[PDB]
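Chemist:
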Amino acid sequence: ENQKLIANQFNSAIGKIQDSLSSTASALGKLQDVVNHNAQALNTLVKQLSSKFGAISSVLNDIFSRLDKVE
Amino acid sequence: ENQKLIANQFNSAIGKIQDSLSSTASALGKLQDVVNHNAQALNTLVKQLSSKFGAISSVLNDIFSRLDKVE
Amino acid sequence: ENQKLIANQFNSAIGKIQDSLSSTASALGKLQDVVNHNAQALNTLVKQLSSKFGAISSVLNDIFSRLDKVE
Amino acid sequence: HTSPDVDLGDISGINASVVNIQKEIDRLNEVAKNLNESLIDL
Amino acid sequence: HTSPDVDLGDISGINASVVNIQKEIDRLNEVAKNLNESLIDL
Amino acid sequence: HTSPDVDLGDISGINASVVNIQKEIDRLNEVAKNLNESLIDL
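Just so you know, the protein sequences line up as chains C, B, A, E, D and F, in that order.
Heads up, the first sequence is in the authors' numbering, so the first residue is 918 and it goes up one at a time.
Heads up, the second sequence is in the authors' numbering, so the first residue is 918 and it goes up one at a time.
Heads up, the third sequence is in the authors' numbering, so the first residue is 918 and it goes up one at a time.
Heads up, the fourth sequence is in the authors' numbering, so the first residue is 1159 and it goes up one at a time.
Heads up, the fifth sequence is in the authors' numbering, so the first residue is 1159 and it goes up one at a time.
Heads up, the sixth sequence is in the authors' numbering, so the first residue is 1159 and it goes up one at a time.
1. Identify each residue in the segment 920–933 of chain A for which the Cβ-Cβ distance to at least one residue of chain B is less than 8 Å, and report them in chain order.
2. Of all the residues that make up the segment 938–969 of chain A, which are near chain D by a beta-carbon distance shorter than 7 Å?
3. Name the residue from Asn919(C), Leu938(C), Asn955(C) whose alpha carbon lies nearest to the alpha carbon of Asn1194(F).
4. Could you name the residues of chain B that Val976(A) contacts, counting a contact when the two beta carbons are closer than 9 Å?
5. For chain F, is any of its Cβ atoms less than 7 Å away from the one on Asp985(C)?
6. Please state the DSSP three-state secondary structure of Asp1184(F).
7. So, helix, strand or coil for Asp1199(D), using DSSP?
8. Buried or exposed: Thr941(C), going by 16 or more other Cβ atoms within 10 Å of its Cβ?
9. Quick one: grab the DSSP three-state call for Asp1165(F).
10. With 7 Å set as the bound, which would you pick, yes or no: does the beta-carbon of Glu1188(E) sit closer than that to a beta-carbon of chain C?
11. Is DSSP giving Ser1175(D) helix, strand or coil here?
12. In whole angstroms, give me the CA-to-CA distance for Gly932(C) and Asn928(B).
13. For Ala1174(D), which option in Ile923(A), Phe970(A), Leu966(A), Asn955(A) has the closest C-alpha, if you only look at C-alpha atoms?
14. Out of curiosity, what's the CA-to-CA distance linking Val1164(F) and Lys964(A)?
15. Taking only three categories from DSSP, how would you classify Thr1160(E)?
16. Against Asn1173(D), what residues of chain B qualify as contacts under a CB-to-CB distance less than 7 Å, listed in chain order?
17. Cβ closer than 8 Å: which chain A residues qualify as neighbours of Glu988(C)?
18. So, are the CB atoms of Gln949(A) and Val1177(D) less than 7 Å apart?
19. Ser968(C) by DSSP, collapsed to three states: which one?
20. According to DSSP, is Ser1170(D) helix, strand or coil?
21. Chain C partners of residue 1209(F), CB-CB under 8 Å?
22. Since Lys921(C) and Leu1200(F) are thought to touch, with beta carbons under 8 Å apart, how far apart are those beta carbons, to the nearest angstrom?
Here is the structure:
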């Protein structure tokens, strides 16, 4: 009878730990997805930022050139 | 006597797994908080960046207009 | 004999939960490392961005000044 | 003359996701509290 | 004339947090090592 | 005259890492499925 109690409590504990491991796996999956997406976001942000800053620099260089031609 | 050993070892293991699940919950909570805060940070960064880039573009368009009026 | 079955199943379960806790620790370590690295990345991004935007603003102020001297 | 309106364009096409694992965290805490009902009392 | 000093302003009001869960990770590893003392030796 | 080509420079020296914990997640799911073999059947 004590063995049946031990077995029942152990099976309940293993079921609960199974649920906990499934929850931890799901949570780590969602964190992985979001951290990866934000990583790609920051990366493409700095890429498009480099492009835009270079374009700004170009059009500046242009307007210095043209204003020098004004003088 | 063997049943008392099994019970004691099982209770110790369940206490340790309880501590481990509490630690995992705390860690996932902190990661959630920080990833969410950095997500909001990158989002508002790109928002204020769009604003600033547009303002730059405007004042440029302005100085081309005014330099054209110079010529 | 039932006690040996209980003991064997319990030891197998504890070994599996040991592996699961090691995996969770490794995963949280990698997430911590990457979230921290991306945090430092966004921080230094906004720092260098502030610098670059200020430099742009300066060279603008310059070209308004010089174009005013043109007129 | 008549320099064209050079528009820099808007920074876009990007966005950061948002984690929502509070269900999972609450489930872990619930299990950590529930394992007290799994303790063995001979 | 006398065009005003149009200041773009400083990008600010933002900042990224920093996770510090190393206590929790160390506790998990400690528990994974300690569960060896919970093994049953009849 | 001859204003120098003031180059803004390229934004660089930064980059975001990429998590790869799919091995760990798969191991957790494998263990959650394997614990069914650890159930006690008297």
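Yeah, the Cβ is synthetic: ideal placement off N, Cα and C, and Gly gets one too.
Modeler: On the basis of the coordinates in this document:
1. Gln920, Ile923, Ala924, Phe927, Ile931
2. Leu938, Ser939, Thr941, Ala942, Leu945, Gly946, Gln949, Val952, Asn953, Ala956, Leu959, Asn960, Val963, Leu966, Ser967
3. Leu938(C)
4. Within 9 Å Cβ-Cβ: nothing; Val976(A) doesn't reach chain B, min ~11 Å.
5. yes
6. helix
7. coil
8. buried
9. coil
10. no
11. coil
12. 16 Å
13. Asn955(A)
14. 21 Å
15. coil
16. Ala958
17. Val987
18. yes
19. helix
20. coil
21. Chain F is shown only over 1159 to 1200; residue 1209(F) falls outside these bounds and no answer can be derived.
22. 7 Å
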